[PDB]
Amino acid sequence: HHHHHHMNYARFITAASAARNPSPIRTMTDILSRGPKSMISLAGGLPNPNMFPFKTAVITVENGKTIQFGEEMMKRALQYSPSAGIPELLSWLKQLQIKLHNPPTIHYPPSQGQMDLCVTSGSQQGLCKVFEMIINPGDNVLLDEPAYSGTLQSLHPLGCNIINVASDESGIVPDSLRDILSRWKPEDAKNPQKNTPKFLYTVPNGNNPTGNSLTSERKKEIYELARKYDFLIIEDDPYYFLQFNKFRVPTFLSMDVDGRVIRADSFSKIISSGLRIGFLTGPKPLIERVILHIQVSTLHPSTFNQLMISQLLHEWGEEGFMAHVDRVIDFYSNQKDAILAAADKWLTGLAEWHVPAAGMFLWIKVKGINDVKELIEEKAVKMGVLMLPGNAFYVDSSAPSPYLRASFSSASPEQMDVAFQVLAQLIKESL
C-alpha cells in the first residue's frame, strides 16, 4: 500500500485566502494558440512592446556562455509573463527538484498534494504569502529560536502565538517538540477550538544566525510528529546550496509522503540576491493560493531576470549548476576556516562557538557577560569594529543576549584577525 495520509488543506487556508479567485492577465493565450493562427484577437490587455526603449542585451558569464537577448527575446523579456514563472524556468526547476529530492508527491492527484512549483520575487515573498495564507490571529505556530529576524518580523503582525521549540547544535530537538505537542491529543487537530499548531517553520541548513543544521534522523522524527498532530512543515532552505559537508542531508520535501511540506528555495546566496528570484515547491492546493495572491500583487517575477537565470541554467545543465555550487561552497568553506582560526587565536577562553555546518555566519557566545550590546554599539564602534548583537534573532529582542553574529562572507583573514583582536580586548576590559 502506497504510503501517506489523507490531507484536508482547508484547515490551513484562511477565509480570505480561500475566497481568492483567478486573476491572470488575459487568459486568452490558450484559446488563441491552439486555435487558428489567423484568429484576430482584440481581447488582450498587453501593451505594445515595440514602444519599449531597450532593444538588445549582452550579458557576460564567468564559467558559462555569454547570454544574448536579440530583438525578439528582448521584447519578451520586457513584457508580462505568467504568474507562476516562465515555463522553461519552471520545467528546469521541476527537474532539479526531482533530481535533488525525488519528492513522493510528484504524481499524486492535485487535490491530495501533487508537487507544484511557483517562481517568486525572492524566496521571502513566497514565505510571506504562505504565512498570510495560513495564519488567523490566535493560531499557534512552532519554530526554533534564534531565527531569521525577517521571519519574526513577518509573523509578529499576523497575531499568531509563536511557541519556541528547543534547539541545539543539531537543530530542533525532537524530544522538545514531542513534549510541547503533548499539550494536545492528535484528534484535536480535527477540532478548531483546540487550536493545535498549524505549522512548524525551520531553516534546516545553516540557520541564520547560529550556523547549525538538522540531522537526517531528527528530520524523520520531526516529520512523524507533523503527521501525528497534522501540521504542515515550512522548510525555508536558502542555504541548502551552501552546505560544507560532502553529502547533503535529505530534506523534508524528500520524505513528504503526506503532502504536508512547503519548501522555499533561493538562488539569492549563490547566483543573485538583487535579481529577486526564488521558488516555492509544495502541494498544489496550497501553492495555488499563493499564486492567486501573486496575481493581485507583483503579478509575476521580472521576466527579464527569469530569462537571465533560465538561460544560464539551461546552458550549464545540472553538471554546470552543481559545479558552480561547488565553487561557491569551496569559497565559503575557506572563509569559514579563516574565521574559525581567528576565533581560535584571539577569542579562546573569552567566548565559545560551534563550527557552522552551512551558510555564512559564526555565532559567538561571549563568556561572563549578560548582554553584548553594551560592548558593541557603544565600545566596539569606537575601536573600528562592528558585529551584530544576537537580540534581534529572538521573538523577545529586549531580553539580554550574550551572543554575537559574525559574518564570514567577505572579510579577509587579516580583517578577521584584527576584528577578533579588538573583540578580545573589549571582553577582557569588561570583566
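For clarity, a rigid core is taken as the largest C-alpha set superposing within 1.5 Å between two forms. From 1 onward, residues are counted along the sequence shown.
**Q** When the other structures are laid on this one by the rigid core, do the CA atoms of 37 to 45 or of 369 to 377 sit farther away in 5 other deposited structures of this protein?
**A** Greater root mean square C-alpha distance in 5 other deposited structures of this protein: 37 to 45.
**Q** Is the larger C-alpha RMS shift in 5 other deposited structures of this protein, relative to this form with the rigid core superposed, found in 56 to 64 or in 392 to 400?
**A** This comes out as 56 to 64, the stretch further from the shown form in 5 other deposited structures of this protein.
**Q** Tell me which of 371 to 379 and 389 to 397 has the higher mean C-alpha B-factor in the deposited entry.
**A** Per the PDB record, 371 to 379.
**Q** Which is higher on average in the deposited entry, the C-alpha temperature factors of 285 to 293 or of 99 to 107?
**A** Taking the mean B-factor of the alpha carbons in each, 99 to 107 is higher.
**Q** Comparing recorded Cα B-factors across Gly44, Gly70, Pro53, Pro47, which one is largest?
**A** Result of the comparison over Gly44, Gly70, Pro53, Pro47: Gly44.
**Q** For the listed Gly349, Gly274, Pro238, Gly126, which has the peak Cα B-factor recorded in the PDB entry?
**A** The record points to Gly349.
**Q** Among the chain's modelled residues, which third holds the C-alpha B-factor of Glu145?
**A** According to the entry, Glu145 has a C-alpha B-factor in the chain's middle third.
**Q** So where's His5 on the chain's Cα temperature factor ranking, which third?
**A** Its C-alpha B-factor belongs to the middle third of this chain's values.
**Q** By the recorded C-alpha temperature factor, relative to the other modelled residues in its chain, which third is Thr14 in?
**A** Middle third - that is where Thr14 ends up once the chain's C-alpha B-factors are sorted.
**Q** Consider only the C-alpha atoms of the modelled residues in this chain, order them by B-factor as the entry records it, and name the third containing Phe131: lowest, middle or highest.
**A** Lowest third - that is where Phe131 ends up once the chain's C-alpha B-factors are sorted.
**Q** Could you look up the Cα B-factor of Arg260 in the entry and say which third of the chain it sits in: lowest, middle or highest?
**A** Its C-alpha B-factor belongs to the lowest third of this chain's values.
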